[PDB]
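Peer 1: This is the structure I want to talk about, given as structure tokens.
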Amino acid sequence: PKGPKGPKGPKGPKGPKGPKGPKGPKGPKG
Amino acid sequence: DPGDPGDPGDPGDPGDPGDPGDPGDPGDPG
Amino acid sequence: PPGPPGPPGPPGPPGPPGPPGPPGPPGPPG
């Protein structure tokens, strides 16, 4: 009544890159 | 006469970190 | 006789926010 079970599927695609970071603080003095 | 379906694939790899932020403004002149 | 292949795996997650930008240049000369 039966035959061989099918193979496992492939690994998924790489995720997208993250967003740019925020601006840095005003420079030192005194 | 056919066999059963095969199993799902594994998750994709993470995305890369975002770019560094913009430089801060100068300290007060002296 | 072969059963069908399994489905692809899902996408990877988005990458993290990039680092804060560098401090500004000094107010003092140097």
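We name chains A, B, ... following the order of the structure tokens; residues begin at 1 in each chain, and ligands are numbered from 1 as shown.
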Would you pick out the contacts of residue 4 (chain A) at 10 Å or less, using only C-alpha atoms, so that residues sharing its chain but fewer than 2 positions from it are not included, and give the list as a list in words?
Peer 2: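 Within the cut-off, the hits are residues 2, 6 and 7 of chain A; 1, 2, 3, 4, 5 and 6 of chain B; 1, 2, 3 and 4 of chain C.
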Peer 1: Since we have the selection now, will you write its residues out, keeping C-alpha atoms, as a compact mmCIF listing (two decimals), in the first residue's frame?
Peer 2:
```
# COMPACT_ATOMS: atom_id res chain seq x y z
CA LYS A 2 3.05 2.39 0.39
CA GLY A 6 9.83 12.49 0.59
CA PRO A 7 13.08 14.44 1.40
CA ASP B 1 1.46 3.40 -3.81
CA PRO B 2 3.30 6.81 -3.24
CA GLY B 3 4.97 7.71 0.11
CA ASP B 4 4.28 10.52 2.64
CA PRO B 5 5.43 14.22 2.32
CA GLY B 6 8.93 15.35 3.47
CA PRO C 1 6.63 5.91 -5.53
CA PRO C 2 8.52 8.90 -3.89
CA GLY C 3 6.42 11.21 -1.69
CA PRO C 4 6.84 15.00 -2.36
```
Peer 1: Give me the residues within 10 Å of region 13-16 of chain B as a list in words, counting only C-alpha atoms and dropping any in the same chain fewer than 5 places off.
Peer 2: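 Answer for this query is residues 11, 12, 13, 14, 15, 16, 17, 18 and 19 of chain A; 10, 11, 12, 13, 14, 15, 16, 17 and 18 of chain C.
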Peer 1: State, in Å with one decimal place, the distance from CA of residue 22 (chain C) to CA of residue 24 (chain A).
Peer 2: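 Computed distance, CA of residue 22 (chain C) to CA of residue 24 (chain A), equals 5.0 Å.
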Peer 1: One decimal, in Å: what's the spacing between CA of residue 27 (chain B) and CA of residue 19 (chain C)?
Peer 2: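 Computed distance, CA of residue 27 (chain B) to CA of residue 19 (chain C), equals 21.1 Å.
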Peer 1: In Å, rounded to a single decimal, give me how far CA of residue 28 (chain C) is from CA of residue 30 (chain B).
Peer 2: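 Interatomic distance, CA of residue 30 (chain B) to CA of residue 28 (chain C): 4.9 Å.
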Peer 1: Can you pull out every residue within 7 Å of residue 22 (chain A), counting only C-alpha atoms, but drop anything in the same chain fewer than 5 positions away, and send it as a count of residues only?
Peer 2: 4
Peer 1: Which polymer residues have any atom within 8 Å of an atom of residue 9 (chain A), counting only C-alpha atoms, with same-chain residues fewer than 5 positions away left out, as a VMD selection string?
Peer 2: (chain B and resid 6 to 9) or (chain C and resid 5 to 9)
